[PDB]
Structures are given as structure tokens and as C-alpha cells.
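Taken in order, these protein sequences are the chains called U and H. The opening residue of the first sequence carries number 6 in the UniProt record's numbering; numbering runs sequentially from there. The opening residue of the second sequence carries number 6 in the UniProt record's numbering; numbering runs sequentially from there.
2 protein chains.
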Amino acid sequence: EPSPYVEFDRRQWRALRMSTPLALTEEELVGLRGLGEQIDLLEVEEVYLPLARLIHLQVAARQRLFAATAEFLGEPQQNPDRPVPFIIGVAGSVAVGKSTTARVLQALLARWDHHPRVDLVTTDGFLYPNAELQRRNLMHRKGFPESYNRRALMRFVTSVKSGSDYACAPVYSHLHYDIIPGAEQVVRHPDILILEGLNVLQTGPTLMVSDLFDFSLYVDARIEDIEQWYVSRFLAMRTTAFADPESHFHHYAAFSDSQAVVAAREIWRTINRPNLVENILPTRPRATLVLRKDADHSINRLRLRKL
Amino acid sequence: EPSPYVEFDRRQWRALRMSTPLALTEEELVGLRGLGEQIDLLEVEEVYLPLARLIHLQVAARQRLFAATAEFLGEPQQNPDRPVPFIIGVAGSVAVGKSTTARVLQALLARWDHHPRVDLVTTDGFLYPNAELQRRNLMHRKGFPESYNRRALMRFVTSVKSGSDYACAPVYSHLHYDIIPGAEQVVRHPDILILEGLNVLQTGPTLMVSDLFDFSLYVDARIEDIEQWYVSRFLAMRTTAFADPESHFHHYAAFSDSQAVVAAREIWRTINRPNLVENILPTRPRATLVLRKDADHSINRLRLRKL
Ligand SMILES: Nc1ncnc2c1ncn2[C@@H]1O[C@H](COP(=O)(O)OP(=O)(O)CP(=O)(O)O)[C@@H](O)[C@H]1O
Ligand SMILES: Nc1ncnc2c1ncn2[C@@H]1O[C@H](COP(=O)(O)OP(=O)(O)CP(=O)(O)O)[C@@H](O)[C@H]1O
Ligand SMILES: CC(C)(CO)[C@@H](O)C(=O)NCCC(=O)O
Ligand SMILES: CC(C)(CO)[C@@H](O)C(=O)NCCC(=O)O
Ligand code: NA
Ligand code: NA
Ligand code: NA
Ligand code: NA
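Dropping the structure here:
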């Protein structure tokens, strides 16, 4: 029975690296790695390099589709210094390492021969501010689709891919756990734009940012492993993020291992796990490429959409 | 404010015809026109010709995307006699003329220089048989998403676009209003496949046929106009389709105008209108091109997705 997908073990995927250069050192990789992630240079060569290759191939191909529609339209033939921004979506659960995935990806692509402008934007800045969330009774639903200003987000991406000189996104503060008044992230006609979020692959009764993605990535892992990574991260943050007196969750720092685990599980069970099962996972079927992470965090299986 | 869409009046769209040949006569056009449709050769030149042009441009462009993924994969470079079938989805409400639209489209594309194999398949054959619908209490829901064997339909399209030598679809009988035992429609690696249906543009928690569309068409019109066209068609069929003694609805033939109108409105209000409003219309935002039909049935406005 035919399928729109084709599986790959790390062995078969790495082969597709061909002669792709590794323009990243250990120090740099470290500056991209997130707390808990085990990503090393080897994984960057066997997994992220074939990926950067596939993407640069598609960035060329996909360039025709916009050219053809330009020809048909009798429009002047597209300006070289301003191509149509290639949009890459990176989705997945909280604590699955998708942000490291996104950061690494940004680093690699930025280091491609002609050095393309490659921006990275997370959906955090599109979260409604706490005051607005309380108003909507969503202070315990940060992460769910309804906790974001989806129109604003769609506006942003639409603006960047339609060729605007600049588009701005609000900025979120994890330290203060809320939108930062007046903060803007400015994106200026990048060549590649990576949008990272939880449900960015969602589809619906209106055109959404997923309909604008030229390529999508979904960082996947067994649910029980993700919970472990989540709890583990929570405990570790008692001495990093929560240690800061300025942290909204500074009082989590004095928790004991037991208390920490209990609190992390509650948060996971009441927010993150439901959001993963009801909203995030249902979108995995449409991802161009799925990166499967084993319990040890390593990518040992990939799924690609050939259709 | 930027947009993923660009509007067109008949005047601006026809200009895009360029030097496209009209390989269709009146007799032929007639043999494609449905009861109630006002389509003439002029509309075929001003609306369907620019469309056939745009499509053949995209069929070339879109060919790269599959080539690039073939290159990346180190796969042998695609066989010329067997390209990747281009999939066109045609959606819209019952009685909006989308089938005529599909038939005309098939005729034009089949008449393109190198004469490509262009098949047309409606989703009717994927409807569950009456016995199965009764079992599910859906005998008054033919047309709704749940009245079709969506897995089968997805299997069919997946098979055709994955390059199978042949794929078969069940056949529906409008005369007998049910699936025809043993009837199969065989599709053999066509170059272009047009899938026509009511909710074929729907998206969901699994990869669906809309995710495989390389181009989609949505035939639109004001809801009140569609109801008129629907009722009008119902009355006219008292002397065509319902006139046949073998017709499942043969007893509608003896209805008076008044009785006919009452019955048609009930059917429209209880089945077709709800299905249009809850399921069909919500999918319009993703259509590549929307053909707007005025009350007189003429296409005087078009909406194209540039993003
Ligand atoms: N609770 C938090 N505190 C501080 N920074 C956070 C954060 N959650 C996310 N971030 C930012 O996003 C990055 C995510 O890195 P990583 O890929 O290792 O985890 P993740 O994004 O898969 C799970 P998360 O939903 O917690 O971000 C963090 O390194 C930091 O840059
Ligand atoms: N009730 C019916 N009786 C006979 N044929 C029908 C039919 N409904 C659909 N068909 C077939 O599909 C064609 C549809 O033609 P047209 O484009 O004019 O209407 P339509 O498809 O937009 C509304 P419908 O949902 O009734 O098919 C009919 O001409 C016939 O070939
Ligand atoms: C689980 C950690 C430490 C890491 O993901 C972090 O996401 C966290 O605890 N944040 C505050 C509670 C929450 O995750 O909603
Ligand atoms: C309205 C007509 C005549 C034409 O669409 C036809 O669709 C019809 O009446 N069919 C049987 C009832 C129904 O439309 O469900
Ligand atoms: Na920038
Ligand atoms: Na496809
Ligand atoms: Na055929
Ligand atoms: Na697009």
C-alpha cells in the first residue's frame, strides 16, 4: 500500500549528507544547546546537515512556483535582491528540544555560501499578556491555541512572506512570564524565516500560518519521555532560571526534589500534556519532516513527506 | 495591510489569456454543460483559458519540487513517460455548477499541445452505500463528510499521486441513488487528475486529499442564489431525470410546481444548506482560485492565492 511518507533510520539519513560542510564549532553549538539537550557535533553532521541540504534544494525549486505565478500574471519578473521569504515551521511539545532544533537550524542555514538573512521567531511574543489571559480565564492555558493572538501572528507572517521591508512581533519574557511592554522584534525581509511554536502547524476555518509554510519540522518523542525531560528540566531550573530573585517562579527554587517533581507533574498533567494530546500531536501528520527523538534525546528515526 | 489573496474582475483576468488557443466548439461545450448552467464560449475564453494557462505554468514549476526531493534522496532522476500526477481539487456547494466547471477544465487541459491524460473523478463513488448509511443513521446526510469512506478516498488519491499504474474508485448511480455493485472507475497514471467533490478541501487530524492537491478550485456564489439554482434544477428534473421510471425519485415527477418547490426547499434546508455552511464554506479560504458566480451564473470575479 502506497504512502505519502518515507521512513529513515539515522544510517540512511546521514548518507544524504553528500559533501555538505559543517560550519559550526563546539563552543557555538554549546551556545545554542538548551538545558537537557544532548546534541553533539556528530548529530549535527548526520541529521542536521542532510536537512540543510534538502532545504536549500527546496528553496531553489519552490522559487519557481512564485516565478510561474509572476509570469502568468504578466508581472515584472521578480527582483533578485528580494526573493520570496522561505518559511519554515518548527513544531512540537514543550520540553522536546524543538527550540534547540530551531536554533541549530538557523545557525547552519545562516552559514550557507551566500550567507542568507535567516531570522528565528518563536510564537511566545504572540501570547496574550497575562492581564488579557486572566480576563479570558486562560491563565492556566498558556500554550493552548486560544492563548495566542492568532490574527496578529498570521498578520506578521503574511507581511514577511508578502515581501514587506519590515514586520514586528511582540516580545515575551520567560523571566517575568509575560509580554514585555513596548518590546518589538523587527524582521527585515529575511531570505529564510523560521517560525517556532507549539501549534503553528494547526489548520482551520481560515488561512493560518501553517498554510504559508514552505517546509515544516515536527520534533517528536514518546510522551512518557517528554514528561521525564519536562520534570527533569523543572528540577534543574531551581538553580538556573528560578534561582534569579527577579524570576516569577523564584519560589520554586526552594522546593525539594519531591516537591519539585509533584509540582512539575501537576503542571504537565493539567496544561502541557493535554495541549500536546489534543492540539499539538494531531498536527504531526502534515509535517514535511518529523525528527524522532529516543529516550536519550538522540534522533534515530526520521519521517519525510514525499507527497 | 498585505494579503495572501489578489482579486480580479472579469476584465483583468481575461487579459491573462495571452495567446491561449480555444480548442473547444459549441457542440462539445454543450455536451459538458449541466442543466441550468449558462456557460458559453465567451466565458470559456475569458475565464477558463487564463486558468488553463496558469495551471500549465504551475504543472511545470511544481515538477521541480518533486525533482529536488529526488535529487536530495540520491534517487535516480525521474522517468519522463511517468511524471508525478498533478492533482487539482474542485470544491463547492451542490448546484453551484462546479461539475460543469470540472468537466470544462478537463476538456481544455486534455487539449494541450502534447495531449496529457487528464482524468476526472467525483467523490460520489466514495459515498457509503445506502445500506451502510442507514446502518449509521446517515441516509439524510449524504454529502456530509461522514457519509463518505474517506480512508478509501485518501487511499485512491495517494495511490495515483504516488505513481501507481492503476487505481480504482467505486461508482455511484444518481439514477438509483446508490453505489453500483461491482462498478469500478479505473485511473491509469494520468498526467493530471481532477478530483471533484463537496468537502475535498477539508483538512483534519490526518493527512487528507486536500494535502495532496497541487491546485484547488472553489466554485462560489451567494447562498440565496445557490438555493434558487437548486430549487430551479429540482423543478426542471421532473421532466428529465425524475421522468425516467427507473429513477429512485421518479415520484417527484408528478409534483406540481408548488409541491416541487416545497420539497426542494426542505431538502435544501435540512441537508445541502447546513452542509454548505458548516462544512463546505469553511474550506474556501484555502482554495488556490475561487470562481465567483453572479446570480445569472456568470463568473465576474476571481480570487487567487499568491501565498
Ligand atoms: N522556562 C523557560 N525559561 C527560560 N527560557 C526558556 C524557558 N522555556 C523556553 N525557554 C527558551 O526557549 C529555549 C528552548 O530550548 P529547548 O529546545 O532545549 O527546549 P524546548 O523549546 O524544546 C521546550 P520549552 O517549551 O520549555 O521551550 C530555552 O533554552 C530558552 O532559550
Ligand atoms: N441529481 C442528479 N441527477 C443526475 N445527474 C447528476 C445529479 N447531480 C449531479 N449529477 C451529475 O453531475 C453533474 C453536475 O453538473 P453541474 O455542474 O451543472 O451541477 P453541480 O455538480 O454544480 C450540482 P450537483 O451537486 O447537483 O451535482 C450533472 O450534470 C450530472 O452529470
Ligand atoms: C519544565 C521546565 C523547567 C522546562 O521546560 C519549564 O518549562 C518550566 O517549568 N516552566 C514553568 C512551568 C511550565 O513549564 O509551565
Ligand atoms: C436540485 C437538483 C434537481 C439539482 O441539484 C438535484 O440535486 C436533486 O433534486 N436531487 C435529489 C434531491 C437532492 O438534491 O438531494
Ligand atoms: Na532581520
Ligand atoms: Na504535495
Ligand atoms: Na485513465
Ligand atoms: Na505558499
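Ideal Cβ positions, reconstructed from N, Cα and C, are used throughout, including at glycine.
Quiz prompt | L312 of chain U: CB within 6 Å of a non-hydrogen atom of ligand 6 | solution = At least one heavy atom of ligand 6 is nearer than 6 Å to the Cβ of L312 of chain U, so yes.
Practice problem: Alpha carbon to alpha carbon, how far is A96 of chain H from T74 of chain H? Give it in angstroms, no decimals. | Solution: Their backbone Cα atoms lie some 29 Å apart in a straight line.
Quiz prompt | From H:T105, H:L240, H:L78, residue whose alpha carbon lies closest to that of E42 of chain H | solution = Residue H:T105 is the option with its Cα nearest to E42 of chain H.
Quiz item: Measuring from the CB of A100 of chain H, is there a heavy atom of ligand 2 at a distance below 6 Å?
Solution: Distances between the C-beta of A100 of chain H and the heavy atoms of ligand 2 include at least one below 6 Å.
Quiz item: Can you tell me whether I228 of chain H is buried or exposed, with buried defined as 16 or more other CB within 10 angstroms of its CB?
Solution: Burial call: exposed.
Self-check item: Cβ-Cβ distance between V126 of chain U and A226 of chain U below 7 Å
Solution: No, they are not a contact pair.
Quiz item: Is it right to say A136 of chain U is buried, meaning 16 or more other beta carbons lie within 10 angstroms of its own, or is it exposed?
Solution: Result: exposed.
Quiz prompt | Distance between beta carbons of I231 of chain U and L110 of chain U, contact taken as under 8 Å | solution = About 20 Å separates the two Cβ atoms, so there is no contact after all.
Quiz item: Name the residues in the region 75–99 of chain U whose C-beta lies less than 8 Å from a C-beta of chain H; which are they?
Solution: Here the close residues are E76, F77, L78, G79.
Quiz item: Hey, is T105 of chain H close to ligand 2, as in C-beta under 6 Å from one of its heavy atoms?
Solution: Remark: the shortest separation between the CB of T105 of chain H and any heavy atom of ligand 2 falls under 6 Å.
Quiz item: In terms of residues, what are the limits of the alpha helix (DSSP H) holding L110 of chain U?
Solution: Counting along the chain, the unbroken alpha helix (DSSP H) around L110 of chain U starts and ends at 103–115.
Quiz item: Under 7 Å between C-beta atoms, does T163 of chain U make it to chain H?
Solution: Output row for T163 of chain U: interface = yes.
Quiz item: Can you tell me where the beta strand (DSSP E) with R306 of chain U in it begins and where it stops?
Solution: Annotation for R306 of chain U: the continuous beta strand (DSSP E) segment containing it runs 304–310.
Quiz item: Is the CB of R278 of chain U under 7 Å away from at least one CB in chain H?
Solution: Cβ-Cβ to chain H under 7 Å: no for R278 of chain U.
Quiz prompt | Contact test: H179 of chain U Cβ vs ligand 1 heavy atom, cutoff 6 Å | solution = Taken from the Cβ of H179 of chain U, at least one heavy atom of ligand 1 lies inside 6 Å.
Exercise. Could you have a look at residue 1 of chain U and say whether DSSP puts it in helix, strand or coil?
Key: This structure leaves residue 1 of chain U out entirely; chain U is present only between 6 and 312.
Exercise. Could you name the residues that DSSP lists as bridge partners for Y223 of chain U?
Key: According to the DSSP secondary-structure assignment, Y223 of chain U is paired through a beta bridge with U:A96, U:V295.
Exercise. With a threshold of 16 other CB atoms inside 10 Å of the CB of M242 of chain U, please say whether the residue is buried or exposed.
Key: With 16 or more other Cβ atoms within 10 Å, it is buried.
Quiz prompt | Within chain H, the residues that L203 of chain U reaches when beta carbons sit closer than 8 Å | solution = Contact of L203 of chain U with chain H by beta-carbon distance below 8 Å is absent, the smallest such distance being about 16 Å.
Quiz item: Can we count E76 of chain H as close to ligand 2, meaning its CB is less than 6 Å from some heavy atom?
Solution: No; taking the cut-off as 6 Å, the Cβ of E76 of chain H has no heavy atom of ligand 2 nearer than that.
Quiz item: Going by the CB atoms, is the gap between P150 of chain U and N84 of chain U shorter than 7 Å?
Solution: 7 Å or more divides the Cβ of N84 of chain U from the Cβ of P150 of chain U.
Practice problem: Could you say if the region 298–312 of chain U and the region 13–30 of chain H meet the contact criterion of at least three C-beta pairs nearer than 8 Å? | Solution: Output reads no: the region 13–30 of chain H does not touch the region 298–312 of chain U.
Quiz item: Which residue comes first and which comes last in the alpha helix (DSSP H) that contains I272 of chain U?
Solution: In this chain, the alpha helix (DSSP H) harbouring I272 of chain U covers 262–272.
Quiz prompt | Below 7 Å from a heavy atom of ligand 7 - residues by beta-carbon | solution = The set of residues with a C-beta under 7 Å from any non-hydrogen atom of ligand 7 comprises H:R122, H:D124, H:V191, H:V192, H:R193, H:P195, given in chain order.
Exercise. With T288 of chain U as the anchor, note down where its beta strand (DSSP E) starts and where it stops.
Key: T288 of chain U -> no beta strand (DSSP E), and no H or E assigned at all.
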